[PDB]
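J.: Below is a structure I'd like to ask you about.
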Amino acid sequence: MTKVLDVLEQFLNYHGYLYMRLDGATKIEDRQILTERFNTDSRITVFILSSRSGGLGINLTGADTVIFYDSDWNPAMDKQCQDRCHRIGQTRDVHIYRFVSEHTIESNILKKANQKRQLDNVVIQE
Amino acid sequence: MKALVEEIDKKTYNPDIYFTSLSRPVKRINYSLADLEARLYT
Amino acid sequence: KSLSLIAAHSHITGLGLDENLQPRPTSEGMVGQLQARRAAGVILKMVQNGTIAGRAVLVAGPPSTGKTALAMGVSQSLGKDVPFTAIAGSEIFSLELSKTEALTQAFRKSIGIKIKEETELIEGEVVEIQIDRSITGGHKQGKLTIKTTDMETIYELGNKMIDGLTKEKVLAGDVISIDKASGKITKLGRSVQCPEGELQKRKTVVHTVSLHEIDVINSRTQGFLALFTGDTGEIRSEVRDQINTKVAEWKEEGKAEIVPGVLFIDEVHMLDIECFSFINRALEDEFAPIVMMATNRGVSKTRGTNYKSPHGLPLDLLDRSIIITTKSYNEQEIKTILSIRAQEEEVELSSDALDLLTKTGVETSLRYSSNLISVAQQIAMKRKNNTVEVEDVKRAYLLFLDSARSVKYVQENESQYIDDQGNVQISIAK
Amino acid sequence: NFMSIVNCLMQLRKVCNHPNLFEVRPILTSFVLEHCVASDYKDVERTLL
Amino acid sequence: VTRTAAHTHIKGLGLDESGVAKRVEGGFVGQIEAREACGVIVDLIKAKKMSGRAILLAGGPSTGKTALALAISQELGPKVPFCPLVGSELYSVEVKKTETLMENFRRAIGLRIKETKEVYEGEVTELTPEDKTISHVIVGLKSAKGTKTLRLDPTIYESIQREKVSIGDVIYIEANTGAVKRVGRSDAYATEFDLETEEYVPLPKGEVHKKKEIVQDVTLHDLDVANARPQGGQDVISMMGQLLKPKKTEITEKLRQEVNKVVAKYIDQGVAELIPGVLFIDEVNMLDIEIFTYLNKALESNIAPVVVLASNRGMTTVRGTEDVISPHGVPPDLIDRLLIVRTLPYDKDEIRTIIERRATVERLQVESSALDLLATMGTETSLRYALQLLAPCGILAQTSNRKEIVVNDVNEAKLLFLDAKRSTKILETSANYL
Ligand SMILES: Nc1ncnc2c1ncn2[C@@H]1O[C@H](COP(=O)(O)OP(=O)(O)O)[C@@H](O)[C@H]1O
Ligand SMILES: Nc1ncnc2c1ncn2[C@@H]1O[C@H](COP(=O)(O)OP(=O)(O)O)[C@@H](O)[C@H]1O
Ligand SMILES: [Mg+2]
Ligand SMILES: [Mg+2]
Ligand SMILES: [Mg+2]
Ligand SMILES: [Mg+2]
């Protein structure tokens, strides 16, 4: 959801990093420029994106790390997100993390997907 | 108790004037000709 | 109203009496105590008469026998509109106030005064209120329409009246009561209420104010705050000497009357000798409440002196007081009292359990069994049965020890408990 | 339904990540009690004065 | 990580639904009768019917009186107010002991209310004085989703002037209490100056006026202090008013009765619910007779919550009394209204289980032999000493890199640290007063 993006910008702005956001609220002219700006060597540590908008077809080789706050579907759709990072132009190993809470719905999702070998999920009840 | 905050419109409200207001009822109307002509000619 | 859960005296209400002052065997939560109820009733009618003031009476008796319940039934039988003051003996001792002034403050609190005032008030629904800004013709022009069921008229406001209507926001259609002499507005609800009748009516307003409340206001800029905050801090005696004369003139003019309230002091045996010496002088004055004092102890040492006076009070105070003695309860009264507490606490007791509870009440104490009657209801509640059973009373008897049993246990276990000399053994062996 | 399940889980997913649930934390202002018992005795003070 | 001081291994009484106490539950061994009679008291407090009831528990040192009195507070839950108190605290220099004793009874009964508060927020557009008397001010607060103007009181205007607010600065105003807060200058003015010390905050999202309700609970005494004395406010007259009489004062019975009446009128609307509580007094043997005799009259009151007392003594003289000797340092007249819960000392096996569970909660591994030594210790010296030596043995095990306690370590701890019986023996034979 896009309501996490502004809070994340107020956070990254609180800790004072260099970031660029790409989502459905941007234009087409500021997209490729914010892309090439991240791919080329620069001081930007974190690059914020969205699942549907910029997490699908882009080329970015710059980042060595992928972070997932929340994942609804990950047979495929979420696999594309970290595959946006790992590309042909990456000589460094990709460390992909995941954020899972404790004793929550997200904690039950991967626990039910580990026993069933992660095919597809239907109903979460526990 | 007394409200320390009061909502006010710029155009409608004025500190000068304060106004409050709430078989078949009919407002009394005088049918006299000399009364109406007397009112309009004063 | 007045949310209260359960009190020890919550059952007894207003003692009990007949027109012959002869007490009934069971009247209004009061069992037992025949003579004591008659004497306390004589004192009650003495207070209601009000011809005599500044008299002391003593209530003596064994612990847990017919003592505090007496004064409670006298206070409840006296009813509202008459002052009643109950203070513990340890409460008059204060770090901020002296013992003498704190002792006089109760004597001033126990006597009230009723003041009446007549006012002309106009109340009713306001349908339409018009208010106009200042013009050269007049300072302010406004007309408010006060509608009532019987009569509806329009008044033209008085300037500062308009400042009172504009001062607090008033919306048309609410029921208010405007005070002409006071100059303030009182809103009784919205139109929640209905107009009763004619707009303007002459009524009298009676105010019951104690001598203390009159005394504190004059000694301070704002004394009514000093009433609630307890910062009063030793009002001058000159002010009180003026209050007494002003009250006398108010009585001669007929603008006020005095009510001879009652002052009850629990735990008088712990009062200091200085307070005992002041009470003797405080009783002989003109305005003093009727004083009732109750002491459980007797033939003990008065606080502040080495010698032991009888009953724990000085004989000079005993001369001014009349003594009432209470007697220990018989076996047949204890079961009726425990039955009254059973009806008060919503506890159902079988006759077989009432016999054991009565026997334990005679063997140990009444206060104990009356504590157990409350505890057994939960043990019965776990069994889900609505009525208490003998087995539950026995379980409640073994779970919670008595005092006499606990002493006999301590005497054998004394080696385990700490001693006056400070010796204790926490090691099991050797 | 199948819609009530998703719309019911979107509130938990609107919590775990961040308290996005309407995110109202009370400012903890003091209590509003208007009685001021002394004001009830103010009139008695006026009459006695 | 987790701090543990003589506690936290007790999660409650651990009673079943029938009231029977298990041998081992929630860090409790033995003491079945005391846990049962304590749970009966728990249900009595949950019943709310009884009032002014007093139950004291008398037992030797280390017998677990206080540790059992914490379990009932854990069993009642955080919603029920609990007031731990020590008998030595009732002596106060500022106020008399009697007032400090009566106050706690009012602190022990919690009352939860519910009330709605109005909130206004937005960027200020215009500020004008309407100017004897301080005139009002019209405020132009601009919400993101709308624009509304509101007239303000002169006092809240004074608070506004003291906050140095200016046109185009986001502010926060509370309706009921009249509190004023400024979040900062609006984000749109951030480009006015290149270097400035004032931070920029975004425009508040949503409407100017906002509402909500709070379940906030306030103890009855905390409500009484409000009526008794003034409290902080942003106006100067408030600060001077609270600074006029900072010292606490004794409350008259009249104000208390009136506050009780408005509490009743609050419970008539269904807005609030009155719930009782538990007052716990440690070392009641330290109380003067003047507090006991006042406890005689105070417990007879209907508003007095259930109180629990704890004292360890034999037959002793009551403090402040010359010739009076009564059990547990309590007067005989006060003991009548009290119900007694007796405590028993533990055997060797129960000491061993205590040291075991305390070692598990302390997160430390103990071998069987050193555990038996700790049991023999616990029998020959005291129960508290065996629980006391646990940590130093673990420290010596850290110095020896061992992950478990050994007999040599607990013996070395016996050599380095001494209990009371050895120190008294050194005290009997010494040169100058060791
Ligand atoms: N005449 C009576 N009728 C009913 N209950 C009584 C009577 N006398 C004493 N009690 C009981 O005794 C308890 C308190 O005893 P109390 O009169 O305070 O003894 P004391 O005043 O000597 O301390 C009350 O709970 C009350 O129920
Ligand atoms: N039944 C029990 N189970 C576990 N630990 C206990 C038990 N009884 C007492 N203790 C322990 O003994 C220690 C001291 O007991 P304490 O209650 O302070 O004794 P006292 O009541 O004499 O002051 C407490 O830290 C507590 O953990
Ligand atoms: Mg492609
Ligand atoms: Mg008594
Ligand atoms: Mg004399
Ligand atoms: Mg203790």
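Note that chain C is numbered according to Swiss-Prot, with residues 15-205, 222-460 shown in order.
In case you wondered, yes, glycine gets a Cβ from its N, Cα and C as well.
From Swiss-Prot, for reference:
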- C:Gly75, C:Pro76, C:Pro77, C:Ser78, C:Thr79, C:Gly80, C:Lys81, C:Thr82: ATP binding site (BINDING)
J.: When each of the binding-site residues C:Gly75, C:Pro76, C:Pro77, C:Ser78, C:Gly80, C:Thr82 is checked against chain E, which show a C-beta distance below 8 angstroms?
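T.: The answer, in sequence order, is C:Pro77, C:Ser78, C:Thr82.
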J.: Name the residues of the same chain, 6+ apart in sequence, whose Cβ is under 8 Å from the Cβ of C:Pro77 (ATP binding site)?
T.: C:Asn326
J.: Near the ATP site, what residues other than C:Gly75, C:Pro76, C:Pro77, C:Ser78, C:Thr79, C:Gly80, C:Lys81, C:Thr82 in the same chain have a C-beta no further than 8 Å from the centroid of the listed C-beta atoms?
T.: C:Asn326, C:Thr356
J.: With the Cβ atom as the reference point and anything under 6 Å counting, tell me which of the binding-site residues (C:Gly75, C:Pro77, C:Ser78, C:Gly80, C:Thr82) are near ligand 5.
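T.: Checking each Cβ against ligand 5, none of them comes under 6 Å.
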J.: So which of C:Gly75, C:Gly80, C:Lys81, C:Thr82, listed as binding-site residues, have a Cβ under 6 Å from an atom of ligand 4?
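T.: Checking each Cβ against ligand 4, the ones under 6 Å are C:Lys81, C:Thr82.
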J.: Using a Cβ-Cβ cut-off under 8 angstroms and a sequence gap of six or more, which residues of the chain neighbour C:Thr82 (ATP binding site)?
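T.: Listed in sequence order: C:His23, C:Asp296, C:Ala324.
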J.: Say we define neighbours as other CB atoms within 10 Å of the CB. Which of the binding-site residues C:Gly75, C:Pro76, C:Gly80 has the fewest?
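T.: With the binding-site residues C:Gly75, C:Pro76, C:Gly80, fewest surrounding Cβ atoms within 10 Å: C:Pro76.
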J.: Please name the residue among the binding-site residues C:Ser78, C:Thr79 whose C-beta has the most neighbouring C-beta atoms within 10 angstroms.
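T.: Counting Cβ neighbours within 10 Å, the top one is C:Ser78.
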J.: Give me the non-local Cβ neighbours of C:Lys81 (ATP binding site): same chain, 6+ apart in sequence, Cβ-Cβ under 8 Å, ordered along the sequence.
T.: C:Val73, C:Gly75, C:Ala324, C:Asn326, C:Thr356
